[PDB]
Structures are given as structure tokens and as C-alpha cells.
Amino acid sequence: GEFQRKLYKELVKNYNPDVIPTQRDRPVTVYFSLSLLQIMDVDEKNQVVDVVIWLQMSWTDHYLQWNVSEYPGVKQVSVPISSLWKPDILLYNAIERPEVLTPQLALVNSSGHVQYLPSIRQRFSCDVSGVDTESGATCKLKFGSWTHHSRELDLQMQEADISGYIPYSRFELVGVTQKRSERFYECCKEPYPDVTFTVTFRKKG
């Protein structure tokens, strides 16, 4: 569409994806949740879990807003995430890079709200010695910004999902809880928030 093309032309003009879109010392609030689509494997010897997780991230970037009357009909645009600022959220437990299974695209609406929903295949470290018991194994998946404290990037939780779990995998999901925290570290004056998912599962065997 013609108004879409003009809209994209304006991004490349003025926008720097390296700059976190804070304003007036207000943080950028990033909503974060997770759906555990699969447990692919559990390596009992090496204390590693292999999962597919669907992350849901959303935030407002004030630099991405436009006047709906100046680009009529254009309600949302699909945009390569590499051309936007994105949260530098890291899974602390990860022992390999993530493999992103989905197109690397974000949805952005007229008031600059961005939705980025990557599905990833990820291996991470966890004590899984309980996995063949009734109790199962319980792993923590701690997520947080690598470089931004609470006054720059305000990580916030949202309602999660057991409904995406693939029923035919050889592990059953006993449950998932989630918790947001602020911690300090000896380096830095300001607190860093994290959102941690506690996941309990066991072998169907």
C-alpha cells in the first residue's frame, strides 16, 4: 500500500534502533510472558534441558507513533525487528544461543506499541536429577535485561500458558509459576528486574 511505503520511508530517516526509547527519565515498560510449547529432551548426565518456548514481549516506543489521519487505513505494520530497538532480554540459564523458529518480525500500531513474539528452541542448565520421580524436576528460567536497570527498562510480567503444551512429547508438564523480582548487584547503584518461570515436569515413563 502507498501510505505504508511512505510510513516505512520515515523510519529509516529519523530512527536509531540502538537507542532505548525512554523519555523524561521515565522507563520503557516491557511486558514479558512465555508459553512452553515443548520439552524436546532432558540430558540427565549434563544437566541440560532442551525446550521450545514462545516468548511474548511488548512495549511502547514513542518514536514509532504516527498520525492515523495522515496515513489513513494504516492501523498496524509488520516490521523487521532488527530495524527497531528491542529489549536485550537474556535467559540467564542458557548454555547455547537461541535458535529463533519464527520470522523476525514485529507488529507496530499507530501509537508505537510493538509486539514481538518469537518462538525459540533453547538449551539451558538445570538440575534434572528428579525427572524420573513422581515429584519431577523443577527448573528456573530467569529472564532479564543484560544492560538496562529498572529506571530505564521496567520489566513486567503477564498471564502465561499451559494450553500450548504438545501432548505427545515424552515429558509431562506438572506446572508453571512465574515471579518478578528486583535485585541489586555489587557493581551497580540501581536494581535490575527479572521475571522467572519455575517449571516442573517429569518423564511419562
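Numbering starts at 1 and follows the sequence shown.
If you average the Cα B factors in the entry, which is higher, 23 to 31 or 136 to 144?
Higher mean C-alpha B-factor: 23 to 31.
If you average the CA temperature factors over each stretch, which comes out higher, 111 to 119 or 67 to 75?
67 to 75 has the higher mean C-alpha B-factor.
Based on the entry's values, in what third of the chain does the Cα temperature factor of residue 161 lie: lowest, middle or highest?
Answer is highest: the recorded C-alpha B-factor places it there.
Split into thirds by Cα B-factor across the chain's modelled residues, where does residue 38 land: lowest, middle or highest?
It belongs to the lowest third of the chain when residues are ordered by C-alpha B-factor.
Grab the CA temperature factor for residue 153 from the record and place it in the lowest, middle or highest third of its chain.
Residue 153: CA B-factor falls in the middle third of its chain.
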